[PDB]
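Beneath this line is the structure, given in structure tokens, with notes to follow.
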RNA sequence: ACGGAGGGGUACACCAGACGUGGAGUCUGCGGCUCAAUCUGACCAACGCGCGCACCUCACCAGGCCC
RNA sequence: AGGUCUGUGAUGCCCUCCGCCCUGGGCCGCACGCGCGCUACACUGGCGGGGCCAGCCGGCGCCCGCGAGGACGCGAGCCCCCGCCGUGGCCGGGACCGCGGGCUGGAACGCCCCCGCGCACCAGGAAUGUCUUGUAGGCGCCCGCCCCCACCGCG
Ligand SMILES: [K+]
Ligand SMILES: [K+]
Ligand SMILES: [K+]
Ligand SMILES: [K+]
Ligand SMILES: [K+]
Ligand SMILES: [K+]
Ligand SMILES: [Mg+2]
């Protein structure tokens, strides 16, 4: 369960209703104008909602897009990323690694 | 440790002097003796410099000797400086004898060292270690660190004659 | 056709050669350390 | 063992906080329980300082 | 006068007098506050606000002619910040405590505003002199 | 109207003397107190009014510059008489530093080490 | 008159140490939080440890389970804006294990870079790791 | 009134001009310093060049042409 | 040029000492290992060296414009 | 036949047409062995409050904010003094990690502050380096590269 509200009362009340919540990176980046090439990301994602291969790693995820599958570039390939409730408040670059973990040898 | 190398009359009201005592070979023979001890005291490495604090350290070790021996602290200091310091050394090691200025040097050094080693990692303060060191060297007691060091040096000198 | 140099960044270079690396900006010189050795005679700097 | 303090401690012609600490476990009780012997002045001060204090027996 | 007396006497003898006559008396934020970003704990003597303000006014008296300012007072009470595995560096103290002090000292006519900064007014200058 | 100087490492003590304040603070209260006997040596080894302004340097250097300004100002009111040339010899026969300044100064750091003479650790493997 | 143990919050406080620095024995208390919890509830912060009455313990416990009510601020707290209740909690008991472990299991379900790096028992905070541990 | 600022990097010429302006009727020296490695690459013992440009200024208050001097009235 | 050849000088190279490093954690460089790439130079006189790598720098990888 | 053609419109001869630009990633990835350093192992110390002094040259006033830092305008640390702790890996030591609040910037993965968490380390084997007066050592301060940022180098 999200901070104090259940999924119905932040994903239906207001898109910015969560800002009194999530951390200072979120308030800073949203008290700043989002670049005009990721609004198109939402009028391609939320629009035609009824799998997207994307290329913007730094993009704050906010609740209205929940339960989606995306494929984010990490430099060599697109990696699928699912959307569970706790993903809200984070960026997309934390969910696809650009390095394979070392092993023995 | 002779009268010609222990300077009595040159002292001041506190040992601080700002003197260039080591610009010539034998100049420090006219350096006051309590100031020489003060200079040896601030020789741990984390305490290099910090002379203002060492002057207090020695200053409050003269109100302990006056309260135990009941005599003049400077006099007991002269006695300790004289008693310590090897008279014979070893340098195919053959025996040789030690000059006065080096006897004074090694004496002051070993008193400072004895207090330094006896105060580390202990509740007992370093000033009241200096009191023990000075009062026990001047007598001749085997508990003095300077006297045991002297005895070791003289034994090795004897075994190499 | 209309995307060429959209990225914004300082492209500070040496006033004499053109390199990007090791540029001195103190006092407003804006020349690199290799070119500063030989042009320093007339610019005015001298060793003392 | 307060009675020890009121007589056993009063048998040395000088005393220090560390000395009394090392005689019996008086770690910081030293500072408290010698000021009592100072207000009634069985001992007084001669050389004092924030870090060290030498106390000499009035008697 | 003020310059004569041992500086450590006047400060701690006027801070005890700071409890009389309803002078600057301490506000509530005094708890749970470090006097600086370099300190790692709060002061332990509970009269610390009193002594601090006694000190800051004795600081204002010595600069009789010209004006001090608040930011340049936090610089006066600076300390070095330790325990970081890097070499230690100095930090400016807290301007909120000092500004709180000087605000209440501008009352009771002990200080007067200037072009830039506070100044020791004739009243309060007379008091410290007496 | 007597004007006199005193110098230590970077400290300069300017003394004005008329028939004893240090930076407006009374001399008896010069804060470094275990060295209080040093700033009073010429008095208690040998009044009038003197005014001292000392700037630059550190605590000990400032003390040692006033120790020279004070003793040099009480030598510019006696003149042309045997006292002028004898009190000087009495002052030096205790400490010549009382009359003549100490020339020593900081030496410059040279590249390749933290200090003027200390270099950096050398390794071979 | 004193005791030589306060087996409180399941932690054995020794006594004979100063109570200021005695409270730091409890994992969750610091010297900061302790010096803001004693004076806020009228308790002498430094005389001893084992001379604290029963009523004084009651006052300390009543200010331990609710800091905001007695005026201890949010910025002086440790569970700020938690990811379980959106509230400024105060986790001052040996049951800090559950929340710290939940912050791991959430990562384990979410599969984040932080969680995947924490699994392998590696540095996680940007530090270099070529140095041969 | 009138002000003349004069600035120059060679003390001799500056002094000549300053002398011969008094034939007709704080500003201290500040040093531009640059320290740079002597090598073009970074191989060898690390040695350093210390370059220095010293300037001089005078400010004449009022109520010869030399190439290298700078004068502004303001 | 060299000599476990002789002779004559000399330097904090030694003597008398001081302060260290090598052991702990940690910053940085190097080798190895890994990797789509982890760009490359140097082995007393290489290894906080080639003046501070989010982009740029940029030499390297996955793609994609234009002459 | 140290280094440097990768600092240049210095440059021969080979080879590429590997030029210029945009988005994202790497150069920082880690079982491990080495070089230069930083911080310690405490009482000649740690902490709380006060006092006061530099040089390379150099802005700070007023409100908010625990702080970090913001909106709005104009021309030194050591050390000293007073207390506290009391030989207990303790109030030594501060790595690692968990929430928060900020700054830079198109963008944190960069840096700062707050509460909490409290590693290893008890003076270091075989070896090994530097240094003779304002010198060793201790203490801090400034500039350079620099959107941000020193455990670095020049002072
Ligand atoms: K020079
Ligand atoms: K006890
Ligand atoms: K106690
Ligand atoms: K090199
Ligand atoms: K190097
Ligand atoms: K070249
Ligand atoms: Mg790049």
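Nothing in this text is a laboratory measurement; each read-out follows from the coordinates by a stated rule. Reconstructed Cβ throughout: ideal geometry from the backbone, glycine too, with neighbour counts over all protein chains shown.
Hey, can you tell me all the residues within region E:72-121 that are under 15 Å from the mean Cα position of the chain (by Cα), closer than 20 Å to residue E:34 by Cα and part of a loop (DSSP other than H, G, I, E, B)?
E:75, E:76, E:77, E:78, E:92, E:94
Going through region F:65-95 one residue at a time, which ones are in contact with a strand residue (DSSP E or B) (Cβ under 8 Å, 6 or more places away or on another chain) and in a helix (DSSP H, G or I)?
Passing the criteria: F:65, F:66, F:67, F:68, F:69, F:70, F:72, F:73.
Taking the condition in contact with a helix residue (DSSP H, G or I) (Cβ under 9 Å, 6 or more places away or on another chain), part of a loop (DSSP other than H, G, I, E, B), away from chain G (no Cβ under 14 Å) and farther than 29 Å from residue F:32 by Cβ, does residue E:25 pass?
Answer is yes for this residue.
State all residues of region B:122-161 that are within 14 Å of chain D (Cβ to nearest Cβ) and assigned to a loop (DSSP other than H, G, I, E, B); if no residue qualifies, say none.
Passing the criteria: B:122, B:123, B:124, B:125.
Going by the structure shown, is residue A:72 more than 30 Å from residue G:130 (Cα to Cα) and more than 16 Å from ligand 3 (Cβ to nearest atom)?
Spelling it out, it is not the case that residue A:72 is more than 30 Å from residue G:130 (Cα to Cα) and more than 16 Å from ligand 3 (Cβ to nearest atom).
Would you pick out the residues in region D:1-45 that are under 25 Å from residue B:119 (Cα atoms) and assigned to a loop (DSSP other than H, G, I, E, B)?
The answer is D:9, D:12, D:13, D:16, D:24, D:25, D:26, D:27, D:28.
Might you check whether a residue that is within 16 Å of ligand 3 (Cβ to nearest atom) and surrounded by 11 or more Cβ atoms within 10 Å (Cβ to Cβ) occurs anywhere in region D:35-43?
Scanning region D:35-43 turns up no residue that is within 16 Å of ligand 3 (Cβ to nearest atom) and surrounded by 11 or more Cβ atoms within 10 Å (Cβ to Cβ).
Please list, ordered by residue number, the strands (runs of 3 or more DSSP E) wholly in region A:10-105 having 2 or more residues that are more than 14 Å from chain G (Cβ to nearest Cβ).
A:52-54, A:69-73
Within region F:10-30, is even one residue out of contact with any strand residue (DSSP E or B) (no Cβ under 8 Å at 6 or more places or on another chain), part of a loop (DSSP other than H, G, I, E, B), within 14 Å of chain B (Cβ to nearest Cβ) and within 30 Å of residue B:57 (Cβ to Cβ)?
no
Looking only at region F:84-95, which residues are surrounded by 10 or more Cβ atoms within 10 Å (Cβ to Cβ) and within 13 Å of another protein chain (Cβ to nearest Cβ)?
F:94, F:95
Take residue F:31 and tell me if it is farther than 24 Å from residue B:21 by Cβ and surrounded by fewer than 16 Cβ atoms within 10 Å (Cβ to Cβ).
So residue F:31 passes the test.
Go through region C:17-33 residue by residue and tally those that are more than 8 Å from RNA strand I (Cβ to nearest atom) and away from chain H (no Cβ under 14 Å).
1
Considering only region B:63-74, I want to know if a residue exists there that is in contact with a strand residue (DSSP E or B) (Cβ under 6 Å, 6 or more places away or on another chain), within 14 Å of another protein chain (Cβ to nearest Cβ) and in a loop (DSSP other than H, G, I, E, B).
So far as region B:63-74 goes, yes, one or more of its residues are in contact with a strand residue (DSSP E or B) (Cβ under 6 Å, 6 or more places away or on another chain), within 14 Å of another protein chain (Cβ to nearest Cβ) and in a loop (DSSP other than H, G, I, E, B).
Answer yes if at least one residue in region E:30-39 is within 14 Å of chain G (Cβ to nearest Cβ) and part of a helix (DSSP H, G or I), and no otherwise.
Within region E:30-39, one or more residues are within 14 Å of chain G (Cβ to nearest Cβ) and part of a helix (DSSP H, G or I).
If we keep just the residues of region C:6-38 that are surrounded by fewer than 14 Cβ atoms within 10 Å (Cβ to Cβ) and not in a loop (DSSP other than H, G, I, E, B), which is nearest to ligand 3 (Cβ to nearest atom)?
This residue is C:26.
Do any strands (runs of 3 or more DSSP E) entirely within chain H hold 2 or more residues that are surrounded by 13 or more Cβ atoms within 10 Å (Cβ to Cβ) and either within 16 Å of ligand 2 (Cβ to nearest atom) or more than 13 Å from chain C (Cβ to nearest Cβ) (or both), and if so, which?
In chain H, the matching strands (runs of 3 or more DSSP E) lie at H:2-8, H:56-62.
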